[PDB]
Amino acid sequence: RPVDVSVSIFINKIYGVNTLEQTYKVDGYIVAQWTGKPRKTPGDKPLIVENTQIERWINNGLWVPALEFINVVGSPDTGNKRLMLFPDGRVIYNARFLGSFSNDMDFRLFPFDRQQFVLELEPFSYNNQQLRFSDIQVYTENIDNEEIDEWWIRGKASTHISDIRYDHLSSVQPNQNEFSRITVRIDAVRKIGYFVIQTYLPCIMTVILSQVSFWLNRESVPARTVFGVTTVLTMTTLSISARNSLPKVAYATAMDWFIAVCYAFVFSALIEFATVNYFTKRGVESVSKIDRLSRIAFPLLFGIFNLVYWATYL
Amino acid sequence: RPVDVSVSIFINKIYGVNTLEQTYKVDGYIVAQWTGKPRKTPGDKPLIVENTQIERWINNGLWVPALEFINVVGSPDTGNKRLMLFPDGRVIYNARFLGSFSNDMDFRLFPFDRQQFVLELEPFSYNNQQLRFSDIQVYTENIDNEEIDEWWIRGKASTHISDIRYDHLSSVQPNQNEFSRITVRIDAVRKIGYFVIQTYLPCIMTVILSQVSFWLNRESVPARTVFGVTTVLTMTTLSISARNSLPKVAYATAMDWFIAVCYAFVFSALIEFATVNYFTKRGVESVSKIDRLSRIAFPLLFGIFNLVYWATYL
Amino acid sequence: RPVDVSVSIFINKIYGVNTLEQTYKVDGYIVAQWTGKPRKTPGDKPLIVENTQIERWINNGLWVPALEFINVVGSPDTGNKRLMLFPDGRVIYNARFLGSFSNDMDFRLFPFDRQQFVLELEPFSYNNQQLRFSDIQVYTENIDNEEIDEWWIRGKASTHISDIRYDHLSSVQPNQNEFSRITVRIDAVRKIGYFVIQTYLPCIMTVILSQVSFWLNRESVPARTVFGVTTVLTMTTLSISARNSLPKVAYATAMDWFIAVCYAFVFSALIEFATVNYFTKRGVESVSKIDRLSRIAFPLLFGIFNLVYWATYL
Amino acid sequence: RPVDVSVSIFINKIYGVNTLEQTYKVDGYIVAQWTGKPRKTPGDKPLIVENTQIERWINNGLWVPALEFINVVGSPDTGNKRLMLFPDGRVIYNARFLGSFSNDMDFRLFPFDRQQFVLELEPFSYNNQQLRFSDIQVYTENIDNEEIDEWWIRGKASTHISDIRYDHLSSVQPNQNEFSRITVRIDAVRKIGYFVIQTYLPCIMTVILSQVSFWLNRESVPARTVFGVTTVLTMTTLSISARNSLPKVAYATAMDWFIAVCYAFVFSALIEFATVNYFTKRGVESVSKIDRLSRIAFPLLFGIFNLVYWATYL
Amino acid sequence: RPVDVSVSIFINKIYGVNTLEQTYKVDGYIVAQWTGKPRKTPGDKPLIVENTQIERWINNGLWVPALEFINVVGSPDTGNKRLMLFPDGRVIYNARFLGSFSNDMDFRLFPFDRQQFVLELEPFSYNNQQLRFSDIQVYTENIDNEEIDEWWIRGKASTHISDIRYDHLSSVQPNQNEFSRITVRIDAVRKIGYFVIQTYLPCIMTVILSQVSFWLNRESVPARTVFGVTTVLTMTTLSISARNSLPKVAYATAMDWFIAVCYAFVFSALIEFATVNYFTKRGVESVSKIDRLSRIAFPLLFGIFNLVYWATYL
Ligand SMILES: CC(=O)[C@H]1CC[C@H]2[C@@H]3CC[C@H]4C[C@H](O)CC[C@]4(C)[C@H]3C(=O)C[C@]12C
Ligand SMILES: CC(=O)[C@H]1CC[C@H]2[C@@H]3CC[C@H]4C[C@H](O)CC[C@]4(C)[C@H]3C(=O)C[C@]12C
Ligand SMILES: CC(=O)[C@H]1CC[C@H]2[C@@H]3CC[C@H]4C[C@H](O)CC[C@]4(C)[C@H]3C(=O)C[C@]12C
Ligand SMILES: CC(=O)[C@H]1CC[C@H]2[C@@H]3CC[C@H]4C[C@H](O)CC[C@]4(C)[C@H]3C(=O)C[C@]12C
Ligand SMILES: CC(=O)[C@H]1CC[C@H]2[C@@H]3CC[C@H]4C[C@H](O)CC[C@]4(C)[C@H]3C(=O)C[C@]12C
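Here is what the cut-offs are and how they apply
Residues numbered from 1 in each chain as written, not as in the entry; some residues may be left out. Chains lettered and ligands numbered in written order. Heavy atoms only, no water. Helix = DSSP H or I, 4+ residues; strand = E, 2+ residues; numbered from the N terminus. Rg over C-alpha atoms; globule rule 2.2 N^0.38 Å. Buried < 20%, exposed > 50% of the residue type's maximum accessible area, 1.4 Å probe, protein only. Contact = heavy atoms within 4.5 Å. Areas by Shrake-Rupley, 256 points an atom, 1.4 Å probe, with all protein chains shown as cover. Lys, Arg positive; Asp, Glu negative; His and termini not counted. Charge placed at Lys NZ, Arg CZ, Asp CG, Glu CD. Domains from an automatic or database assignment. Buried area = accessible area lost by both parts, 1.4 Å probe. Nonpolar A, V, L, I, M, F, W, Y, C, P; charged D, E, K, R; others polar. Disulfide = S-S within 2.5 Å. Salt bridge = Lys/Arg side-chain N within 4 Å of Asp/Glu carboxyl O. Polar contact = N/O pair within 3.5 Å; in protein donor to acceptor, adjacent residues only side chain to side chain. Near = heavy atom within 4 Å. Pairing = 2+ DSSP bridges. Axes fitted to C-alpha atoms, helices over the stretch in contact; angles between N-to-C directions. Least-squares fit on C-alpha atoms. Core = buried A, V, L, I, M, F, W, Y, C linked by side-chain atoms within 4.5 Å. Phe/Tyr/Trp six-rings, centres within 6.5 Å; stacked < 30°, edge-to-face > 60°. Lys NZ or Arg CZ within 6 Å of the ring centre and 35° of its normal. Patch = residues over 30% accessible without salt bridge, like charges linked within 9 Å, V, L, I, M, F, W, Y side chains within 5 Å. Expected span 1.5 Å × (residues − 1).

Secondary structure assignment for chain A yields five helices and 10 strands. Expected size for 314 residues packed as a compact globule is a radius of gyration near 20 Å; at 30 Å, chain A overshoots this value by more than 25%. Along the three orthogonal principal directions, the C-alpha set of chain A runs to about 105 × 40 × 30 Å. In chain A, which comprises 314 residues, the share counted as buried stands at 56%. Across chain A, every contact between residues at least 6 apart in sequence was considered, and the portion connecting residues at least 24 apart equals 75%. Working note: accessible area of chain A is about 13400 Å², and carbon and sulfur atoms make up 55% of it. A distance of 3 Å separates the average location of the 31 positive side-chain charges in chain A from that of its 30 negative side-chain charges.

Following this line, the structure appears as structure tokens:
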């Protein structure tokens, strides 16, 4: 007695990925097919009914169940609606949907993170005892496979049919509070190219600039201080601007750890000079022993770190 | 004589918390049940009517009271609507809502503040003598309890039913102008991580950078002045950029007072040096005992301050 | 014969004040009551008609005039609509409105300006010979009077009813082209707290920083120049950023005049040092009497200026 | 035989002028009058039909032509619609329109440019052989002439009626593809106040700051270089921030030409100083006559430049 | 047997080009003509039916196929709709559309890139066996083919009719899953004027400013370091700010390569100075012949680069 419903979804385009609001817009077509009671169409041809004329048919008792996207931010922009009325009884609901979808996202591996563009479809007013999803096949490719859209699509779609228990229907439907839900997931990874130029490389070149102070002398204090404060302030601002593209989360990202280390070498380089200025009297010949090793200690310490960093997270 | 109305609300997700406009977006379901006049349904099953077809029923005299969200910023995004028509008379109104809600917020303890995500539900056109809310049940935790949405959810929801007197309905029914209101509150706390990295740490290291001037000498005036002006201006920009994440309120926040203190230590450090620069010839051997104590007075005075700060506000 | 219309407006909240666009958002309820032909309702109770069911009544010749907000930025967000049909004949139209309103604003006294949140209500299609507004009652205080909205509400509402002559209907209604207009005004004053921290204090501490150049010496020219250019440029950036919260108006504001002075003292301080640097050899012993007096002349001129400033504008 | 249609347009307000998108919002009323078949109204008074009830009238065969704004960005925000049915036959369509309009704008004389706020009105589905505009009257002044937000309304309105030939209807209407078009233009001039405060004066004072380097000496190279690099970079950023209030046009504006000159004097001052530093020993007694003459050439050239500039462009 | 449909599209204006979201807004009219079943119109004149009155015709069984824009971001802003019903059977659907369209764009040649503003029109519910596009005519030139605001339109439109195979109808339409698709392309080139003034010229003069350091001496280290760090940091910010007008793509643009080169000359000049500072005692006469030659090597190396750069990419 539960209505077996076959569902096919074609994803036309994915766009408007917003990491801040954790939303992403999905455009495509939807198809809902179920075998109902036979009817006599005008002619043996299948009857096709478009947007407005569908209302007159449900007014004559036609059964069209409302389907609902769960992980959506607002009522999706529904396009044109059509109805395929076959003589053997099978009904086919086809329409285009453009909605702003949401999904929980973890940024602990920013910007090397992997996230899932998920579609959560599930009917309304009809539980698993009344309406059941037979199968789901997502014909996303032939368009999707173009993955130069600010992300990298890795793998095909994943379809799964599950049963969700809503407790807020228990007061009204005893033991009838489970709904069949279709879930479609597409794994994707981020493209680190944009962030290398905005934060990573500016962090590196700032570190390179910060360490030039070692190679000057016990020279004009203005010079080695200007090198210090400019690199510290520059590294300070980059630490701020690097998170403006991220939600106000608590955990630290791989970009955060990279900045803190790059912050350390920059701040240490200044204190190193500030150290030899208090020890300008204890052991001064032409150059101290700190600079003679800091000119090599700092770059090598920083160099191997980048090797550990980029070898990881990749 | 007033109709007892049982209300159940299932919150799908809370998102889009905007501290500036003091809004927050809430998605979820609503259930409204009342006992009406008995009817003879087609079959013994309860009759289920979906979005558009409900309008035809109220045209035949069916009574569906309009419910209204008070603390909303604009007309909420109403999803799919359904009606459960039982033969014994009881009617059940179930629909999905996605709205931008508002609530009075106090920012005196920024960013350690506690706020409440509130839903204020109340009917339209029907007072408490005509329509009464029997009970309210919020089955929010099942989903909501995952709070990585820029805030920290601490505790379950609190439900309360009250009666509100609108004076602008006195003109039509004297003394019968009170409306039943359902109120749903969810306490929440902020995640200070983003603010630690964006303002607090940059303020601290700037203060740390400001105090390196002490450990130099009565040295090149350019150096110790560059330390002064850069740190003062840096602290000045941070004082401004720290408030762009807040509405144009009048009272000062815990972040504000914390910056003013960090502002004091930076400006005092410059004047401290600017003082010893006025005494460069009267009593100069190597160090002004002022600097010899400022190298210890400033960190300890600032160090104990952070202990006074973080012990408070927590 | 003109229909006397009683109007009551309940303001739920005023929010979203945008000084740039000179708009402001207003949420609340509206009530329009007029005496029609008597009828016999079902029971002596008043007949209540909700959103959609109004269509059936107005199609049957019921007279429900549409009321129109003049000073609105776009088509207001109409909430739920209701109709109270009384048996004694009086008809009552009640609905909730959320609209983005506009009003001409003068910003010559930024941020000490006084502005008016105005509602200009007036019907459509019905002149004063056909429809006249009897009285207006603004039930704003019950909620509004808690002035926590980036502004301070100073006083209750002020109502004015007038007759407006539209010349573009003279070609169609000779001498019958006057419309009854309801006007609701709420005076308000601005909260200078946000601007004290963003512009005033950074301007002041910059001026304080600008004068430290005097207390150095005829010293290292780099230092007193670094004090000079940084303070001028800092004051220049603050002079620009201070108007980004204002429309691109022509007249100068009280904040503008205050900055120009703060710009003058800072730029004068640099020119002063550049002057004593031109007199570095002709008449040099230890200090130019200019510095001996500028350390007192400038603060006294600056001190009395702020006192004259804040005594005014308040 | 073509239907003569009298048109009256009342402009309520012009607001939201965006120079970047070259759009502008116009709110007001519209009146369309044509003489139809006589009718018998209830009483000799004209019959008035409001927003929804018009649909029933056009459903009964009444001829109400849809009017269309050409230079609009999206479907304009249509307010309330009314219908005046006169007994002598003349029909009057009156409604309120709030739309975001567009017009080609030339910015070669930024910020002294002159622009026109244009309304291009033209019917749909009815050509000039079917519908013709008799006359047009724009009752704009009553309100409009008060402009306080970035522009100056200078002069009255200009009305013109024309016939436009669309070639894309020849396939559907051979030789009958011309539509009557109403065009309303309002000249306006820009208010340079905002730009004087944001760029022009800051450009001037920066140029003034650039020339103080002359009055120092062949002095501490840090000072006169700090004068050089800081002024060059400051003038560089102002050239950037000056165009963010403009679309990405190709031609250079009067503000651009003004900045390029101000850019030259700033960079020339550095090269001038950098020149005398290359000649510090070959022909040195006390001062390089270059600075002694640059102190007069530079201010006079800049002063006379503003005279050539501001005598023009005004 | 498939209905041949003639389609004409008139593009009124192209506006709102957003390179970030890769969208662009298109306003214009559409004409769809097909020869249908003969009918008896009132009079021999063609019957004209406007927006609302069309619904009654399709309600009486008239066949109006829904047409669909593929490369659209959301449900487009549909204007006024009209229907021409001819007695010989031919039906004509004419309407105005304003939609936000999208197209894949390649930014490797920023800002010398050439892009295509594409419209993808294709019907719904009717395959190529039922509805076929006979021909397409784009009458765009009348208001185009000259140039647009931020881009240059070069050439007339390009028309393409194709057959698109959707695999998601195979389960419901075996071998009948091909749709006729009209595609309209407009080639366009970018206007580099805005980018020359905003990034290129500031990058060039910054390199020029960086090279003045050579012409000082083995002089005050503060000066040549101030030249060094300021130019390096300035060039660093320009590398970031130049990409804020681009999506987060992975590939590097022609603007990126130009900045990286400009980054080298600035950074190389600093290392060059940092080299001669290491040789202040080891091989010192007055100047390191490196600086004596770098004053010629760098400009010529930079000069020839600009010739290679701008000769390319054009
Ligand atoms: C012997 C030595 O190398 C000296 C030279 C500079 C000094 C530091 C300067 C900045 C100081 C800020 C605050 O006073 C805390 C302490 C702080 C980090 C100092 C020290 O630990 C001692 C340092 C490192
Ligand atoms: C004698 C001495 O060592 C000098 C060095 C720095 C000087 C201060 C700099 C800032 C000044 C601002 C305004 O002129 C009021 C006075 C003000 C606070 C100065 C003084 O108290 C005197 C100081 C402490
Ligand atoms: C003798 C003396 O005290 C010198 C020190 C600073 C100099 C001024 C610096 C700013 C200059 C701007 C422009 O070059 C015009 C001239 C301008 C006002 C200079 C002077 O007239 C001479 C001044 C006042
Ligand atoms: C002899 C003289 O006074 C020197 C001092 C500063 C020098 C200029 C500084 C900027 C240089 C940029 C690039 O290195 C090309 C060359 C460039 C324009 C120099 C010159 O032609 C020679 C100048 C004017
Ligand atoms: C021999 C010579 O001319 C010196 C002058 C400047 C020095 C360089 C400055 C920047 C340094 C950054 C980090 O310390 C790694 C090493 C780094 C590249 C230095 C060196 O290789 C040695 C240089 C080239």
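Quick look at the domain arrangement of chain A now. Residue and element names in this part refer to chain A. Domain annotation for chain A reports domain 1 (1-191) and domain 2 (192-314). Once you take the C-alpha centre of each, domain 1 and domain 2 turn out to be 51 Å apart. If you look at the interface, domain 1 gives 13 residues, while domain 2 gives 17 residues. Of the roughly 1300 Å² buried at the junction of domain 1 and domain 2 (both faces included), carbon and sulfur atoms supply 70%. The residue makeup of the side of domain 1 that touches domain 2, split by class, is seven nonpolar, two polar and four charged.

This part is about the state of the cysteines. Under the counting rule described, the total for this entry stands at zero disulfides over all chains. You can see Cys-203 of chain C has no disulfide; the closest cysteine sulfur is in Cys-262 of chain C, sitting 4.9 Å from it.

Below, the discussion takes up the interface of chain D and chain E. Of the residues lining the interface, 50 residues belong to chain D; the matching set on chain E comes to 57 residues. Between chain D and chain E the total buried area reaches about 4800 Å² when both faces are included, carbon and sulfur atoms providing 60% of it. The three residues of chain D that bury the most area against chain E are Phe-124, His-168 and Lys-248 of chain D, which together make up 16% of that side's buried surface. Summed over the shared surface of chain D and chain E, the number is one salt bridge. In this structure, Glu-68 of chain D and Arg-96 of chain E form a salt bridge, with 3.5 Å as the shortest nitrogen-oxygen distance. At the junction of chain D and chain E, the tally comes to 17 residue pairs in polar contact. Broken down by element, the side of chain D that touches chain E gets its largest block of residues, nine residues, from helix α4 (residues 221-241) of chain D. Classifying every residue of the side of chain D that touches chain E by side-chain character gives 28 nonpolar, 16 polar and six charged.

Below, the discussion takes up the site of ligand 1. Near ligand 1 you find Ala-274 and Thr-275 of chain A together with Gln-211, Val-212, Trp-215, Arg-295 and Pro-299 of chain B, and these make up its full shell. In this structure, ligand 1 sits where chains A and B come together, each supplying nearby residues. A distance of 2.7 Å separates an oxygen atom of ligand 1 from a polar side-chain atom of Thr-275 of chain A. In this structure, an oxygen atom belonging to ligand 1 sits 3.2 Å away from a side-chain N or O atom of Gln-211 of chain B.

Taken together, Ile-208, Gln-211, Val-212, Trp-215 and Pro-299 of chain A together with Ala-274 and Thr-275 of chain E make up the full set of residues near ligand 5. Proximal residues around ligand 5 fall on chains A and E, making this an inter-chain site. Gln-211 of chain A is positioned such that a nitrogen or oxygen atom in its side chain is 3.4 Å from an oxygen atom of ligand 5. In the complex, the protein chains occlude 72% of the 490 Å² of accessible area that ligand 5 would expose alone. Only α2 (193-211) of chain A together with α4 (254-278) of chain E provide two or more residues apiece to the shell around ligand 5.

Moving on, we get to the sheet that holds strand β9 (residues 151-165) of chain C. All names here are of chain C. Spatially, the four strands line up as an open sheet ordered β4-β7-β10-β9, and their pairing is antiparallel. Only two strands of the sheet have a single partner each, and these edge strands are β4 (67-69) and β9. Adjacent strand axes in the sheet meet at a mean angle of 20 degrees, parallel and antiparallel pairs treated alike. Sheet analysis places β4 next to strand β7 (residues 114-123), joined by three bridges and oriented antiparallel. The partner of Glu-68 across the bridge, within β7, is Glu-122.

With that settled, the discussion passes to the side chain of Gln-198 of chain A. Relative to the helices and strands, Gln-198 of chain A resides in helix α2. A polar atom in the side chain of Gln-198 of chain A sits 2.8 Å from the side chain of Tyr-194 of chain A. Setting aside chain neighbours within four positions, we find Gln-198 of chain A in contact with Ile-240 and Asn-244 of chain E.

Let us look at the relation of the copies chain D and chain E. The operation relating chain D to chain E is a screw motion whose rotation component is 72 degrees, with 0.2 Å of axial translation and a residual RMSD of 0.6 Å. A rotation of that kind, with that shift, is consistent with a five-fold axis. Residue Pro-222 of chain D, judged by its C-alpha, is the member of chain D lying nearest the rotation axis, at 5.0 Å. With a heterologous cut-off of 20% or less, the 2% of interface residues of chain D that recur at the interface of chain E puts this contact in the heterologous class.

Residue and element names in this part refer to chain B. Strands sit in the order β4-β7-β10-β9 across an open sheet of four strands; the sheet is antiparallel. Sheet topology places β4 (67-69) and β9 (151-165) at the edges, where each strand pairs with a single neighbour. Pairwise comparison of adjacent strand axes, ignoring direction, gives a mean angle of 20 degrees for this sheet.

Residues and elements named next belong to chain A. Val-7, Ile-11, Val-26, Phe-97, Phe-101, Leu-121 and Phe-258 are the most contacted members of the largest nonpolar core, which totals 101 residues. Of all the elements, helix α4 (residues 254-278) adds the most residues to this core, at 13 residues. Excluding anything up to four places from it in sequence, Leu-121 contacts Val-7, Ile-9, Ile-30, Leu-67, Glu-68, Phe-69, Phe-133, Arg-181 and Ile-182.

A few words now on the packing of aromatic side chains. If you walk through the whole model with that rule in mind, you get 162 aromatic pairs over all chains. Look at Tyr-194 of chain E and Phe-195 of chain E: their rings are 5.0 Å apart centre to centre, the planes differ by 85 degrees, and that puts the pair in the edge-to-face class. Exposure class is identical for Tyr-194 of chain E and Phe-195 of chain E. Each is buried. The ring of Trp-215 of chain D carries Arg-295 of chain D above its face, with NZ or CZ at 4.5 Å from the centroid.

Bringing the pattern of salt bridges into the picture now. Inspection of every chain in the model, using the stated rule, returns 61 salt bridges over all chains. Salt-bridge contacts for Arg-181 of chain A lead to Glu-122 of chain A; the nearest nitrogen and oxygen are separated by 2.8 Å. With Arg-181 of chain A in strand β10 (residues 178-190) and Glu-122 of chain A in strand β7 (residues 114-123), this pair connects stretches of sequence that are 59 residues apart. Like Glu-122 of chain A, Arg-181 of chain A is buried. A salt bridge links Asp-106 of chain C to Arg-108 of chain C, with the shortest nitrogen-to-oxygen separation between them at 2.6 Å. Taking the relative accessible area as the measure of exposure, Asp-106 of chain C reaches 32% and is therefore partly exposed.

Residues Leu-300, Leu-301, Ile-304, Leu-307 and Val-308 of chain D make up a contiguous nonpolar surface patch of about 490 Å² in total accessible area. Position of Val-308 of chain D relative to the elements: it lies in helix α6 (residues 289-311).

By a simple turn and slide, chain E fits onto chain A: the slide is 0.1 Å along the axis, the RMSD is 0.6 Å, and the turn is 72 degrees. A share of only 2% of interface residues in chain E that are also interface residues in chain A marks the association as one of differing surfaces.

Moving on: helix α5 (residues 254-278) of chain C. Between its terminal C-alpha atoms α5 of chain C stretches 36 Å, which fits the 36 Å expected from 25 residues at 1.5 Å a residue. N-cap assignment for α5 of chain C: the residue whose side-chain oxygen lies 3.2 Å from the backbone N of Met-255 of chain C is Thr-253 of chain C.

Our focus in this paragraph is the interface of chain E and chain A. Opposite the 50 residues of chain E that make contact, chain A presents 56 residues. Both sides together, the interface formed by chain E and chain A hides about 4700 Å², and carbon and sulfur atoms give 60% of it. For chain E, the biggest contributors to the area lost against chain A are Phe-124, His-168 and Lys-248 of chain E; these three give 17% of the whole. On inspection of chain E and its partner chain A, the count reaches one salt bridge. For the interface between chain E and chain A, the tally reads 13 residue pairs in polar contact. Considered class by class, the residues forming the side of chain E that touches chain A number 29 nonpolar, 14 polar and seven charged.

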